[PDB]
Structures are given as C-alpha cells and as structure tokens.
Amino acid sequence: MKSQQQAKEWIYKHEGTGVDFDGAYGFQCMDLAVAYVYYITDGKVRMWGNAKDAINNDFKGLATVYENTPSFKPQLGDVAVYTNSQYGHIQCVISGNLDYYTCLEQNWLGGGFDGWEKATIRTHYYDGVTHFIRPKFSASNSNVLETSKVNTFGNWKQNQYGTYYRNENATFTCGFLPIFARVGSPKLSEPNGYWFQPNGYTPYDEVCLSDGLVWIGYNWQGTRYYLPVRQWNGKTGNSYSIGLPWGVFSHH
C-alpha cells in the first residue's frame, strides 16, 4: 500500500497525460481510476467493470466505500463515483469541501475515445457523485509494486523475430473486456485468431514480450495461439515495466 503523499504525486504526474492501460479505446474514465487504484494498492486491487461498478469491487480491506452526504468531506486520494447513469463516471479526488471538490478525470467531455481529451483537473459542485472510495493509505512511502516479481525483468530468450520469450505454466482467466487471440505468433500484424471472451480461461505454457504487449502462448484445438494480457513498455533489463493485467492468473 502506498502513502497519501504518493497518491498526490501520482495524480499530478498524470495530469495532461492519457491513461489507457486497460488497452481499450483511448482514455476512458475508468482507465484512470483502475490505474490509480492499482498503483496505490501496490497491485493488490485490480478494479473490474464500468465506472459505476467500482463501488462493488473487492478492495480486500484496503479501501472503504462511503456514500456522499451533505456532511461528507472528501480527501486527497478518494475515488469519486457517479452511479446514477447507465455506465457511471469516476474521478481521482485532489481536494474538497462541502461546496465543491476538485479531481483528476478522463472522458468528462467524451473525447477519450478519439484521444484529444487527456486526464484533466476539474472542479465539480456535487453534480452527480454518489459515493467516495477512501483508500487506507500507509503512513510511509512504498516501492513494492516497482520491485515486485511482475515489474522485474528476469531471464528471457529472444528469437530471430525480436520476440522475447520464456517458459511459464499457469492459467489465465480473461477479465471484464474480451481480447483477440492471434494465431501462430504474438504479433498485432497477424489477422487470424478468435475473440477470447470475458471469464474464459486457458492454461498456457509460454510468455512473450512483443509489439508493446506481454502475451501468453498456448494450444487450442491443435492450433498455437498468443493472447496479449497486459501492456509492456518495450524496454528490457532494469528499465522493463509492464502494465496492470487484463485478467487473472492462477495455478493448478
């Protein structure tokens, strides 16, 4: 768990940038909140679903969901959730009082899909928020996510096509959004494949770094497939970094 200070530095570092780590359709409102909550919980909470679904995720004791009331005082690092629309809206709170609060948010204006609207600081005079998610921040700064097994390079082979690969035997279950699996190679230029559906699962035997993505390699119906499972920053060694996952990994 990171500190409230680290929350503030994360929010300001992401102002004016586009967060699309869930990999789907530009800079959507829930992409920012998913990325924020994943960061401040040191990877323990990967929020699934639409913005209004945030309040029903399992925060594993690392956050408390509060209802907005005329007396509620939001704090830096709260996650504001609007639940009274079809899909909701979500924001990272910077400060607030009883009259208004300020926040970092994506897609307030509807420009996230086409990409011109970045994460923006805005003031809201309680124009729809119904809930606030308050993290249980630690008192001291934490580097746990950046040094975790996930964000350390380790040992990889490279093939003649520039793909990094290694053996790893586990199971992957697809998260909220579907992902297109590619036939034969972990390449976005491969047009053949099939849609891996949410909550679908496969055992896999290979992990690959290619085309800005981490992929799993597996066999289905006699064909070799590669499924992207999170973003990769394209770097190796001590500069290697990968994004929040697009599903859930398990062992059997």
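Residue indices: 1-based, along the sequence shown.
Set 184 to 192 against 55 to 63 and average the Cα temperature factors; 55 to 63 ends up higher. Look at the C-alpha B-factors of 121 to 129 and of 154 to 162. On average they run higher in 154 to 162. By the numbers in the PDB entry, the CA B factor is greatest at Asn141 among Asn141, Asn169, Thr102, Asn107. Take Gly217, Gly222, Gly212, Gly200 and read off each C-alpha B-factor from the entry; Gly222 has the highest. Sort the modelled residues of the chain by CA B factor and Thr83 lands in the middle third. When all modelled residues of the chain are sorted by CA temperature factor, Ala7 is found within the middle third. Split the chain's modelled residues into thirds by C-alpha temperature factor. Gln91 is in the lowest one. Among the modelled residues of the chain, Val19 sits in the middle third by CA temperature factor in this PDB entry. When all modelled residues of the chain are sorted by CA temperature factor, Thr147 is found within the highest third.
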